[PDB]
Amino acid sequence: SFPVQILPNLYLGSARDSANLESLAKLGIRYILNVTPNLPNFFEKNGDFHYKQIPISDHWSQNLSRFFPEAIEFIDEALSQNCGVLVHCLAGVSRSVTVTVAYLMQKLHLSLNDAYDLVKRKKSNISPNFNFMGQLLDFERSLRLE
């Protein structure tokens, strides 16, 4: 299996997907965001390619993880440059799913339902995680404040 395209330039990868830097390059992906439980936050530029790892604790907090903003800035900084972005979850998928849905809500002004549905359309195995769901509804309320 390979990473799915949620939107032009926006890709979502699961733990089992072929994260082959050559496959990625072909698809015209110069950015890569690894979302994974408890890894040190780190980033580096490989000339063309950009790489970043940000933690997303799947703990009960209603807390975003302050990395949602960075994750979005990173995805945004890519999409703006009109080039591929891969949001990858190295363990499972819930975390990268909650990240791209959060992105879709803020930058494409989609509601949770529409955003989540868009992702379910391209990734049917995914299932909701109540904790993350609670955090995204929280996130949407801020956005709603306007």
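Counting begins at 1, following the sequence as shown.
- Higher mean CA temperature factor between 17 to 25 and 125 to 133: 17 to 25, per the PDB entry.
- For the segment pair 46 to 54 and 105 to 113, the entry gives 46 to 54 the higher mean B-factor, averaged over Cα atoms.
- Note on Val119, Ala91, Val99, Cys83: the highest value goes to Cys83, judged by CA B factor as recorded.
- Among the modelled residues of its chain, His59 has a C-alpha B-factor that falls in the highest third, as given in the PDB entry.
- Sort the chain's modelled residues by C-alpha temperature factor and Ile32 lands in the lowest third, per the entry.
- Per the PDB record, residue ranking by Cα B-factor puts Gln5 in the lowest third of the chain.
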